[PDB]
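What follows is one structure encoded as structure tokens, with my remarks underneath.
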Amino acid sequence: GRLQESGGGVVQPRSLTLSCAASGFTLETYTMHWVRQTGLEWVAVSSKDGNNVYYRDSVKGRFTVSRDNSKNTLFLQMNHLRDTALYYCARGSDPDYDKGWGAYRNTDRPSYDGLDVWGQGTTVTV
Amino acid sequence: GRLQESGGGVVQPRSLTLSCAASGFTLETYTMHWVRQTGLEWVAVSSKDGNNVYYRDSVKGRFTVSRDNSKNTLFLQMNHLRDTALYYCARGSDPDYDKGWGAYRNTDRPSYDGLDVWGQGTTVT
Amino acid sequence: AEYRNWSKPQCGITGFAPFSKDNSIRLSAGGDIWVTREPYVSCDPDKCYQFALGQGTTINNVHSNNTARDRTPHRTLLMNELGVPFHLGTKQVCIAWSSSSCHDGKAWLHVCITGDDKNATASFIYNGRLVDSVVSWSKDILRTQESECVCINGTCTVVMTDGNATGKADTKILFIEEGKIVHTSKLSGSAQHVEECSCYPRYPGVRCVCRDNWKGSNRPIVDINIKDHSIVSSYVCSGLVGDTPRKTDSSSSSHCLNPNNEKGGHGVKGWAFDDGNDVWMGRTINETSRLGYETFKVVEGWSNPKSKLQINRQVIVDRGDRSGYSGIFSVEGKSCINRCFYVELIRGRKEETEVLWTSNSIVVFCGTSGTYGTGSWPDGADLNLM
Amino acid sequence: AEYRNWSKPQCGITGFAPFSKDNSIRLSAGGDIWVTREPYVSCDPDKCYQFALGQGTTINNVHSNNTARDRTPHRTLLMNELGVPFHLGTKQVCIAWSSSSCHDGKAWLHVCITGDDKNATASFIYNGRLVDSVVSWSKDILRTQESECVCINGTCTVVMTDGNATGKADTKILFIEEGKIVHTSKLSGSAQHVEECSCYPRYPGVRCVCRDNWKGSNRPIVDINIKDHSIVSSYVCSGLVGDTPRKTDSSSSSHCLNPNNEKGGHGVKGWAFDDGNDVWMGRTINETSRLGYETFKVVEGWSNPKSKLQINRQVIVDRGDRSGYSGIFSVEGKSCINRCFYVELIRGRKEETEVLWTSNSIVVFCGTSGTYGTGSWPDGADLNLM
Amino acid sequence: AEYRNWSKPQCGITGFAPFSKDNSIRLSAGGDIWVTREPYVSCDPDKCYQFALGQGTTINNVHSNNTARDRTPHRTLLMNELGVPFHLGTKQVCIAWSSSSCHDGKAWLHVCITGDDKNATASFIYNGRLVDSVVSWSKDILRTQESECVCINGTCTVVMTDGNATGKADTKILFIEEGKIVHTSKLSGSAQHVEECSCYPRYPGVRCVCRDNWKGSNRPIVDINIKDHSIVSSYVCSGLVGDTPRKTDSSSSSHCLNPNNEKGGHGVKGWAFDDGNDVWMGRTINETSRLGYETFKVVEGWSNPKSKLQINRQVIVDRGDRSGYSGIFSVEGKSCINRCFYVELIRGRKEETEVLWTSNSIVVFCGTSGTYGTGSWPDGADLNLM
Amino acid sequence: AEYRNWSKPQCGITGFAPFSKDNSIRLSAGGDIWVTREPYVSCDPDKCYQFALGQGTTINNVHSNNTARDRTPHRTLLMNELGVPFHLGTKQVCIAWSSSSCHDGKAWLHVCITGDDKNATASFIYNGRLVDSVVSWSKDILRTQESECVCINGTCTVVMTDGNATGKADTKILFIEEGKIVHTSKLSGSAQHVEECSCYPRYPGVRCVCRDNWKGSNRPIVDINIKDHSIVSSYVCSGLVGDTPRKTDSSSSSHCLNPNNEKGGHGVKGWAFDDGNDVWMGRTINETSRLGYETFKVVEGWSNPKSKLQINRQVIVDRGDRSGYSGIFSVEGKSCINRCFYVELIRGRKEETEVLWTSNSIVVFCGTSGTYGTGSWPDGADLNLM
Amino acid sequence: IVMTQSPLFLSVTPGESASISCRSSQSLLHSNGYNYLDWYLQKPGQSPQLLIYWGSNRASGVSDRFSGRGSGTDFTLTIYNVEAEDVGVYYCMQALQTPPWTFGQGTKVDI
Ligand SMILES: [Ca+2]
Ligand SMILES: [Ca+2]
Ligand SMILES: [Ca+2]
Ligand SMILES: [Ca+2]
């Protein structure tokens, strides 16, 4: 499995679309996160089916995270950029299903996988 | 097992004999109680052999409970009626034999049955 | 291995010699020992086993509190080699608050009654598997011997009672082959109330001495024809009746067709067996409480209701010490069938308030043709220190 | 000793009779008792054995703290005679946080999974020695039945799953002879998620009723042809589905090709078996939690998905009392194969915070052709006093 | 299985090698261990068993208080495999405050004395059932060897004494076949007081070295002809006498027809056996108390009363450590009969007041034809910390 | 039963799969568990047994204090079925502070060393009886393998050492038949210090991998010709040496004729066995302390001293967790001789001061031709809470 | 949940051990018995790699030199036999209470 972010670049204090392409595995299989490094700062997550998302508070209402499991591509639509950081795309670390979606932590055989695969990261400077 | 009370009616502040006929079972097999509802209020009990009775304090000396095991009929002879209630006839719930009659609660295999069969009740006013 | 037939004679009994003592209560003050009651002893061809109805807890255990209750779903049939105390490794052989067991010569039959009071289930476990079950027929505490069944030629007989604790009840004699109920016989004869039968093989049949909880302080007898399944019942003739409560020896009378109507209500599981016209029997020394335990032979006690001639008395438990249930079990010797008996040594609630729990130890005596002295083998737990 | 073939008919089940009860939790308050979970029962030709996955500690032990964690390297397969509580002398037969065992008629096969979550190892111990091992193939919690395997003519079949706990997983059916994996079959058919299979011999094959943790509250069925190793899978037709969580009986629906997609996520190890077109099954009385336990026959429940006609209901654990995993095991009678089932009686964390530990007792019922009454046999531990 | 005949020679004894040690007292500080005394060792054809007279309680138990009393109705014969400490699962094989046991090659004979002091009963349990019993004949503490009987060709011999503890008593040699007393022989010869005999098979007869509690610090010998039941008795010639109390080696004298009248009162159960004209014997190192334990060969000690030539001395228990009863037992090797001995390691009251109880551990040594070094194997319980 | 010959090939080892884990220390916080050290595993033809040298006390016991001392007269050889924790019912098979045992196919040989440091005695107990004994020949801590002996065609070989702990010592290879020492061979070859040998059957001979406590961090090899009793010795060629202490892998060197003189002093009982020219070996991960445990195959490690090519590494105990002694034992498969190994998991003093006692748990792995994942199976006792 | 790492800078001699502590403002121990705590290593110029998940479970292919320990609120990452390849920033990450996924500040390890 390998992830390859793209779309990063110089943006004016405007919108930018970050794309993360997965190769060697199916994106539908994994919860997908966006993690940015200015240390590490979780930004947003996209559910396996692409129907549920969580956002960091500071990006709520500005960033939109989406995916196209057919294209094996994860997206982060960045709007009203203020956000300069190296943005990583990482798979794994499902949230708790009891909060709406993710892993069934209360099952007899709970499982967890960390962020076991990361992309090289795409730089975003605003 | 089925119980059918009778004899209830309008009584002037006089006597009234309530009857309870048992069908489907032998009255001799069961301790028999009279329970009236004005909630539920136990009135009197008749032992299986018909030789022992207990009464509610407020009816002692006024109500007489008897039975005829041959006729499968339980009786409550009510005298000096002041007592308006729906009177139920119920079987079971033996007292403690150590107090004179009933079940041997201290035996190794004690048994208890509640008031598992009730009549429909006869109204007394 | 071949089925037991018990086809040897009953050799001479001069009395009974000490055989075993579990010392369970004394050990429980310093170890993890099951809370038990209704113990009994049964032997496979090689060695004897002590059974008991556990209360699903050890004595030094918060759950031993309020163990007087005789029927809970946590009661199980404990089974150990005789002389091994009911420690934590004790095998619970089935769920039961009433039970019986014999070995037919090939495998263990366990009859195990549990479930709701008015809706009990008797499970028949033979050779380690549930083979049969029967539901309560009278819907009032289905219950069985609390001592070993008798298993002849692979046909096991167990006396089971359902109905009034102290009134007319419905007693049946089940005939079980390898755990399967092949025949059920209703109690027949003159015994009016039969509970907690102490049965022994009397070839070609089986003889049970039981508990009349309703009208007799004399013990009912049930004779079981294992061949045609016929049942006849009576009472032990002996003027020295074996039940507790009972009237004093001077004022007690018996009748070996009818209950004597002498302090007949209530009773205790006891045992007796015939020796010609004489009867060997045990009973609490105390006539109204389960204190002490004695055994003796009543000359002509099996055939003459007026006989009060006692002999060969042995004190098993001194009259100051607590007895309880007792029952017979039979052991095949080289040339004869020996009669043995156990005594339940009940300690704790309700009688003894020093502790919260109710349990027992056991003492086991076996018939002897030799000689014996005197002694007393009570439980010996000093509940004040517990 | 010959290999088991289970080549006898399933004898008629009118219901189930009480068989055994360990009373482990109650005893643990007054003795050294293992902390356990995922118990099951398996029988050699002579007697039945209770298994359980220990947590490497007793209940009255500082290490019993935080025993909810289901996979530690200290978990071992406990093995005792059925009815012997998991005391300190209990033999740990292998290292495992997931396991299955059958006796093929000659020796015990133990399939024992331990090691890292994503890198587990299944050890196959036959006749007391490690004969084979297989590594996790999907690298996500390799896991097995948690109940007895089925061992026909020396060929043992165990269902083992690896992959998503609540998504598509990789289930395989291993065929083991004297501990050696001679063949591996991938799950085939329409069962979309298979875990914790409850398997029983259905000669000439093996039938498993399993847990769909992903999309079905109806239980998947896996039929295993032990001869050609073919696999077919489906779901129990019964409109009265056996999983927990599930929808209420009125609103529940089933589909014996596909998961019903009714509260499908999560589940509990349960069991069912066919009786002609009918199905005998057990399930928690509570539809969303593991409270109470009931068994019943669903008329046409094995073939008609619209059938909600229930009969022969028995409460095993009252709906107020905790339940847990249940599983089938089969016992060869004189002329039939009997179906039996155990129920795990889970007590403690997380649900019960009065204690720090998580453990279980067990109650075991066996099919009967006779009659039975009613009762309730919960764990009965008063955790407030512990 | 065939009756033992012990028809092999006594092969060379160069001394004794360590065999077993129960460590009971040390374990009792951290476990449930029986309070015991009068231990002994006896072996069936396959393996050795440790016996002991329990006090009906464990050491960590309020009932262990006042366990110095040597006769209670709660004393039972404990029986474990040698090396298994008397834990709570220990089988109590009979009620006894005095006992002996041998295996005749087919089954275990247990001779068990209990009951009233002046009216005791000896029960004879063979192959797990009471076969015979005899009442005290002198009505003063009927008592037996407290070590293994000797069982040749199915005829078991046990020495039993009744009468004055420190005066003339009535000793009889019972001959038991499968638990049945077939013959009783009165003590004959010159031995004037015989108690607690340590007997070993000396084909075709049986030889016992016993305790003279009345007038001899030299040990009486009883030779038993198992064929014609004749009895002859004498004393160990050795000028190095084996009893405790005794005079110092320099001032001690012996007489192998009569007691030496040297600190003759009281004694301790010990053992000796002949090796040609030499005698192997053990004894407390301390001449007046049961402290330490030594074994040695006395050259010509079996035939020359003036012999004080000692050799092959081994300290078993250092003279600062508590010894107690010791006794012989014999083990059939490939080509010879080995002599072994145990030592009771008495701790607690009365001598040691740090604890309230009186119990023992055991150490067991076996004859060897090889070589051996030196050591000391006392009980090792730190009673101050207990 | 016929003598073992181990005449089957060593079939393929791809690595090792989890087999057993006693969890003794964790259980001891909530139960009566023996204090032990120097554990090992040996199997009769049917099942495996765990052995250990008790300290004559349980862990929760005032006597567990100061159990670091490796030689006391209260140390005994504990013997349980593998997986049964050393509970209070554990059989002490002999008095020993150093021991070895094999089963020759008919009975258990136990070699048990006890007694004074400079005058120890080795007792040879075969089939439950002391058959032979030998005295210390060098009068400086006679000591043996602390792992199973190897018993071929009824001839058992045990390596025994006497003399300097960290200098030249006198090692002999005893050949025992049914407990009788029939031949003694002095150590021959180039191995300069041999202790605590881990021996396995390599038909027609026996191969031992031992501990050089004096000059080598490479392990000595002793090859034993059971037929002519010839001895040859060498060192494991592998550049990855197995002793602890040792130099790091980069700087370590080996010599399979001479000790490598690399941190040679001191050591730990370990094991290795040849697979063609390769060597399977285990060792502590840490290289200077007994922390962690790993096993791996060294390609050409049995014949090329320069080989540091490692493969098939498995972590058994993570490097943060305490290891201890490890040893080999062999298990006869259907067509195989499997190699298995145990690891002693030492906890407590001196290294861990949270407790006063020194004990161990064990983890047991067996060779597999199948596949396996990864894990770590340390003792897991939280000594802070103990 | 706040994730506090300590020390923020660590100097390690090659071959010796290195321990990094990480404290959460709230317990990371889930009711299922597992501590939802991950450890990540960001080597200089590389993307973060998972070292440990669930407190003590090493990720695929991670050297057993890395050892995660602890439970509740206190966790330790121990790097045994440190080598030059181990330099970089180690971040602990809690995954119990999400969103947000919160990292520690990162402990910088150098030779
Ligand atoms: Ca009566
Ligand atoms: Ca489901
Ligand atoms: Ca004397
Ligand atoms: Ca070395």
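Lettering and numbering for the structure tokens are positional, with chains as A, B, ... in the shown order, residues counted from 1 in each chain, and ligands counted from 1 in the shown order.
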
Using DSSP secondary structure from the backbone, list all strand (DSSP E) positions within segment 31-78 of chain A, as an MDAnalysis selection string. chainID A and resid 32:37 40:46 53:55 63:68 73:78

Could you save the residues just selected, with C-alpha atoms, as a PDB file, in the first residue's frame?
ATOM      1  CA  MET A  32      -8.667   7.924   5.579  1.00  0.00           C
ATOM      2  CA  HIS A  33      -7.221  10.856   7.527  1.00  0.00           C
ATOM      3  CA  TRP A  34      -5.580  14.145   6.630  1.00  0.00           C
ATOM      4  CA  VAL A  35      -2.742  15.027   9.015  1.00  0.00           C
ATOM      5  CA  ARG A  36      -0.769  18.252   8.641  1.00  0.00           C
ATOM      6  CA  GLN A  37       2.630  19.178  10.071  1.00  0.00           C
ATOM      7  CA  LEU A  40       1.566  16.499  13.811  1.00  0.00           C
ATOM      8  CA  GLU A  41      -1.967  17.909  13.746  1.00  0.00           C
ATOM      9  CA  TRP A  42      -4.971  15.830  12.711  1.00  0.00           C
ATOM     10  CA  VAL A  43      -7.104  17.744  10.197  1.00  0.00           C
ATOM     11  CA  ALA A  44      -9.990  15.590   8.948  1.00  0.00           C
ATOM     12  CA  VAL A  45     -11.094  12.001   8.392  1.00  0.00           C
ATOM     13  CA  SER A  46     -13.238  10.286   5.763  1.00  0.00           C
ATOM     14  CA  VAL A  53     -16.529  12.827   8.017  1.00  0.00           C
ATOM     15  CA  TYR A  54     -15.024  14.483  11.068  1.00  0.00           C
ATOM     16  CA  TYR A  55     -13.087  17.746  11.037  1.00  0.00           C
ATOM     17  CA  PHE A  63     -12.222  22.312   4.849  1.00  0.00           C
ATOM     18  CA  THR A  64     -14.297  19.621   3.140  1.00  0.00           C
ATOM     19  CA  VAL A  65     -12.911  16.077   3.031  1.00  0.00           C
ATOM     20  CA  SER A  66     -14.300  13.688   0.422  1.00  0.00           C
ATOM     21  CA  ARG A  67     -13.266  10.558  -1.443  1.00  0.00           C
ATOM     22  CA  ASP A  68     -13.993   8.591  -4.607  1.00  0.00           C
ATOM     23  CA  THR A  73      -8.492   9.089  -4.358  1.00  0.00           C
ATOM     24  CA  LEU A  74      -8.993  11.059  -1.145  1.00  0.00           C
ATOM     25  CA  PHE A  75      -9.753  14.782  -1.368  1.00  0.00           C
ATOM     26  CA  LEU A  76      -9.473  17.749   0.991  1.00  0.00           C
ATOM     27  CA  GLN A  77     -11.261  20.820  -0.373  1.00  0.00           C
ATOM     28  CA  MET A  78      -9.623  23.749   1.431  1.00  0.00           C
TER      29      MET A  78
END

Counting only C-alpha atoms and all ligand atoms, what residues are within 7 Å of ligand 1, given as number ranges by chain? C: 211-218, 243-245, 263-267

Residue subset to file, keeping C-alpha atoms, as an mmCIF file, in the first residue's frame:
data_model
loop_
_atom_site.group_PDB
_atom_site.id
_atom_site.type_symbol
_atom_site.label_atom_id
_atom_site.label_comp_id
_atom_site.auth_asym_id
_atom_site.auth_seq_id
_atom_site.Cartn_x
_atom_site.Cartn_y
_atom_site.Cartn_z
ATOM 1 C CA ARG C 211 -39.795 -41.218 55.686
ATOM 2 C CA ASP C 212 -43.473 -40.693 56.486
ATOM 3 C CA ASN C 213 -43.715 -36.918 56.891
ATOM 4 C CA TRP C 214 -47.483 -36.921 57.417
ATOM 5 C CA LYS C 215 -48.898 -39.433 59.917
ATOM 6 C CA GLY C 216 -46.280 -41.995 60.960
ATOM 7 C CA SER C 217 -43.293 -41.950 63.260
ATOM 8 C CA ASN C 218 -42.870 -45.553 62.146
ATOM 9 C CA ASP C 243 -38.507 -41.400 62.780
ATOM 10 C CA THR C 244 -37.871 -38.024 64.396
ATOM 11 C CA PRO C 245 -40.130 -36.632 65.811
ATOM 12 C CA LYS C 263 -46.067 -37.331 66.323
ATOM 13 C CA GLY C 264 -46.384 -38.399 62.710
ATOM 14 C CA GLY C 265 -45.953 -34.982 61.142
ATOM 15 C CA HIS C 266 -42.505 -34.082 59.866
ATOM 16 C CA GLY C 267 -39.698 -36.636 60.001
#

When you look at segment 18-33 of chain D with a cut-off of 8 Å (counting only C-alpha atoms), what residues show up, excluding the ones that are within fewer than 3 positions of it in the same chain? I need them as a ChimeraX atom specification. /C:32,56-63,74,76,88,92-95,114,121,123,125,130 /D:58-60,82-88,347,359-366,379-382,386 /F:30-31

Within 10 Å of chain D, which residues of chain G show up when using only C-alpha atoms, listed as a PyMOL selection string? chain G and resi 29-35+57-60

Keeping C-alpha atoms, export the residues of the selection given above as a PDB file, in the first residue's frame.
ATOM      1  CA  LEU G  29      -8.111   2.694  28.458  1.00  0.00           C
ATOM      2  CA  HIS G  30     -11.320   1.659  26.716  1.00  0.00           C
ATOM      3  CA  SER G  31     -13.904  -0.529  28.439  1.00  0.00           C
ATOM      4  CA  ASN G  32     -12.783  -3.334  26.100  1.00  0.00           C
ATOM      5  CA  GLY G  33      -9.484  -3.361  28.014  1.00  0.00           C
ATOM      6  CA  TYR G  34      -7.280  -1.793  25.320  1.00  0.00           C
ATOM      7  CA  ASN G  35      -5.428   1.521  25.585  1.00  0.00           C
ATOM      8  CA  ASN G  57       1.373  -3.728  20.020  1.00  0.00           C
ATOM      9  CA  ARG G  58       4.259  -3.343  17.587  1.00  0.00           C
ATOM     10  CA  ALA G  59       3.297  -2.597  14.002  1.00  0.00           C
ATOM     11  CA  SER G  60       4.204  -4.900  11.127  1.00  0.00           C
TER      12      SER G  60
END

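Between ligand 3 and the residues E:272, E:328, E:241, E:383, the shortest atom-to-atom distance, using only C-alpha atoms and all ligand atoms, involves E:241.
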
Who sits within 8 Å of residue 43 of chain B, only C-alpha atoms, same chain under 6 positions skipped, as a ChimeraX atom specification: /B:33-36,55-56,59

Dump as a PDB file, in the first residue's frame, selection limited to N, CA and C atoms:
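Result file is out19.pdb:
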ATOM      1  N   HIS B  33     -59.565 -18.811  51.915  1.00  0.00           N
ATOM      2  CA  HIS B  33     -59.569 -17.464  52.461  1.00  0.00           C
ATOM      3  C   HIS B  33     -60.758 -16.681  51.922  1.00  0.00           C
ATOM      4  N   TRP B  34     -61.178 -15.685  52.693  1.00  0.00           N
ATOM      5  CA  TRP B  34     -62.080 -14.642  52.224  1.00  0.00           C
ATOM      6  C   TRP B  34     -61.292 -13.339  52.182  1.00  0.00           C
ATOM      7  N   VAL B  35     -61.244 -12.712  51.012  1.00  0.00           N
ATOM      8  CA  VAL B  35     -60.538 -11.451  50.820  1.00  0.00           C
ATOM      9  C   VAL B  35     -61.514 -10.458  50.210  1.00  0.00           C
ATOM     10  N   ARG B  36     -61.678  -9.311  50.859  1.00  0.00           N
ATOM     11  CA  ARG B  36     -62.601  -8.289  50.399  1.00  0.00           C
ATOM     12  C   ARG B  36     -61.832  -7.089  49.865  1.00  0.00           C
ATOM     13  N   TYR B  55     -59.463 -14.960  61.847  1.00  0.00           N
ATOM     14  CA  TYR B  55     -60.277 -13.831  61.430  1.00  0.00           C
ATOM     15  C   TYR B  55     -59.457 -12.553  61.472  1.00  0.00           C
ATOM     16  N   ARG B  56     -59.793 -11.631  60.574  1.00  0.00           N
ATOM     17  CA  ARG B  56     -59.302 -10.269  60.699  1.00  0.00           C
ATOM     18  C   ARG B  56     -59.804  -9.679  62.010  1.00  0.00           C
ATOM     19  N   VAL B  59     -63.240  -8.000  62.217  1.00  0.00           N
ATOM     20  CA  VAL B  59     -64.413  -8.846  62.020  1.00  0.00           C
ATOM     21  C   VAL B  59     -64.538  -9.923  63.082  1.00  0.00           C
TER      22      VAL B  59
END

Would you kindly return, as a PDB file with N, CA, C and O atoms, in the first residue's frame, each protein, DNA or RNA residue with an atom no farther than 6 Å from any atom of residue 11 of chain G, considering only C-alpha atoms and excluding same-chain residues fewer than 4 positions away?
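Written output follows (result04.pdb):
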ATOM      1  N   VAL G 109      14.666  12.761  19.209  1.00  0.00           N
ATOM      2  CA  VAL G 109      15.741  11.868  19.622  1.00  0.00           C
ATOM      3  C   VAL G 109      16.934  12.102  18.707  1.00  0.00           C
ATOM      4  O   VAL G 109      16.793  12.100  17.478  1.00  0.00           O
ATOM      5  N   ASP G 110      18.103  12.312  19.308  1.00  0.00           N
ATOM      6  CA  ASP G 110      19.339  12.492  18.564  1.00  0.00           C
ATOM      7  C   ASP G 110      20.451  11.727  19.267  1.00  0.00           C
ATOM      8  O   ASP G 110      20.337  11.361  20.439  1.00  0.00           O
ATOM      9  N   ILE G 111      21.529  11.481  18.531  1.00  0.00           N
ATOM     10  CA  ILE G 111      22.647  10.709  19.056  1.00  0.00           C
ATOM     11  C   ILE G 111      23.501  11.589  19.962  1.00  0.00           C
ATOM     12  O   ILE G 111      23.450  12.815  19.880  1.00  0.00           O
TER      13      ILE G 111
END

Write out as a ChimeraX atom specification which residues come within 6 Å of residue 22 of chain G when counting only C-alpha atoms, dropping same-chain ones fewer than 4 positions away. /G:4-5,75

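Comparing A:15, A:111, A:51, A:120 by their smallest distance to chain G, the closest is A:120 (using only C-alpha atoms).
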
Using only C-alpha atoms and all ligand atoms, pick whichever of A:28, A:18, A:126, A:107 has the shortest atom-to-atom distance to ligand 2. A:107

Please provide the set of residues having any atom within 7 Å of residue 132 of chain F, restricted to only C-alpha atoms, with same-chain residues fewer than 4 positions apart removed, written as a ChimeraX atom specification. /E:368-370 /F:123-124,179-181

Just write the chosen residues, N, CA and C atoms, as a JSON list (two decimals), in the first residue's frame.
[["chain", "number", "residue", "atom", "x", "y", "z"],
["E", 368, "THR", "N", 20.42, -48.04, 49.96],
["E", 368, "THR", "CA", 21.15, -48.00, 48.71],
["E", 368, "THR", "C", 22.36, -48.92, 48.80],
["E", 369, "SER", "N", 22.67, -49.58, 47.69],
["E", 369, "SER", "CA", 23.94, -50.28, 47.54],
["E", 369, "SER", "C", 25.02, -49.40, 46.92],
["E", 370, "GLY", "N", 24.66, -48.21, 46.46],
["E", 370, "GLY", "CA", 25.61, -47.29, 45.87],
["E", 370, "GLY", "C", 26.36, -46.49, 46.92],
["F", 123, "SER", "N", 20.52, -39.30, 44.06],
["F", 123, "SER", "CA", 19.63, -40.45, 44.15],
["F", 123, "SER", "C", 18.97, -40.69, 42.81],
["F", 124, "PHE", "N", 18.89, -41.95, 42.42],
["F", 124, "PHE", "CA", 18.33, -42.35, 41.13],
["F", 124, "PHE", "C", 17.05, -43.13, 41.41],
["F", 179, "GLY", "N", 17.13, -47.29, 36.57],
["F", 179, "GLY", "CA", 17.59, -46.65, 37.78],
["F", 179, "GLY", "C", 18.96, -47.08, 38.25],
["F", 180, "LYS", "N", 19.53, -48.12, 37.67],
["F", 180, "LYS", "CA", 20.83, -48.63, 38.08],
["F", 180, "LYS", "C", 21.93, -48.03, 37.21],
["F", 181, "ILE", "N", 22.95, -47.47, 37.86],
["F", 181, "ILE", "CA", 24.10, -46.94, 37.13],
["F", 181, "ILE", "C", 24.92, -48.12, 36.63]]

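Atom CA of residue 30 of chain B lies 14.1 Å from atom CA of residue 96 of chain B.
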
Expected answer as a PDB file with N, CA, C and O atoms, in the first residue's frame: chain B residues within 9 Å of chain C, only C-alpha atoms:
ATOM      1  N   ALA B 103     -49.166 -25.396  57.123  1.00  0.00           N
ATOM      2  CA  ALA B 103     -48.004 -26.023  56.515  1.00  0.00           C
ATOM      3  C   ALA B 103     -46.862 -26.152  57.515  1.00  0.00           C
ATOM      4  O   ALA B 103     -46.685 -25.313  58.401  1.00  0.00           O
ATOM      5  N   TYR B 104     -46.082 -27.221  57.359  1.00  0.00           N
ATOM      6  CA  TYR B 104     -44.875 -27.437  58.155  1.00  0.00           C
ATOM      7  C   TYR B 104     -43.736 -26.677  57.492  1.00  0.00           C
ATOM      8  O   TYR B 104     -43.010 -27.207  56.649  1.00  0.00           O
ATOM      9  N   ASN B 106     -40.977 -25.738  58.755  1.00  0.00           N
ATOM     10  CA  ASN B 106     -39.662 -26.139  59.234  1.00  0.00           C
ATOM     11  C   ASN B 106     -39.216 -27.488  58.690  1.00  0.00           C
ATOM     12  O   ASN B 106     -38.110 -27.934  59.012  1.00  0.00           O
ATOM     13  N   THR B 107     -40.035 -28.146  57.878  1.00  0.00           N
ATOM     14  CA  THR B 107     -39.619 -29.399  57.273  1.00  0.00           C
ATOM     15  C   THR B 107     -38.502 -29.147  56.262  1.00  0.00           C
ATOM     16  O   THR B 107     -38.276 -28.022  55.812  1.00  0.00           O
ATOM     17  N   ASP B 108     -37.789 -30.219  55.910  1.00  0.00           N
ATOM     18  CA  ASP B 108     -36.638 -30.074  55.024  1.00  0.00           C
ATOM     19  C   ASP B 108     -37.053 -29.568  53.648  1.00  0.00           C
ATOM     20  O   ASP B 108     -36.328 -28.789  53.021  1.00  0.00           O
ATOM     21  N   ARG B 109     -38.211 -30.003  53.162  1.00  0.00           N
ATOM     22  CA  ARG B 109     -38.726 -29.586  51.865  1.00  0.00           C
ATOM     23  C   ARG B 109     -39.984 -28.749  52.054  1.00  0.00           C
ATOM     24  O   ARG B 109     -41.087 -29.200  51.721  1.00  0.00           O
ATOM     25  N   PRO B 110     -39.865 -27.529  52.571  1.00  0.00           N
ATOM     26  CA  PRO B 110     -41.052 -26.688  52.733  1.00  0.00           C
ATOM     27  C   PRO B 110     -41.653 -26.327  51.385  1.00  0.00           C
ATOM     28  O   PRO B 110     -40.952 -26.184  50.381  1.00  0.00           O
ATOM     29  N   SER B 111     -42.973 -26.190  51.373  1.00  0.00           N
ATOM     30  CA  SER B 111     -43.705 -25.809  50.177  1.00  0.00           C
ATOM     31  C   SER B 111     -44.630 -24.651  50.512  1.00  0.00           C
ATOM     32  O   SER B 111     -45.066 -24.493  51.653  1.00  0.00           O
TER      33      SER B 111
END
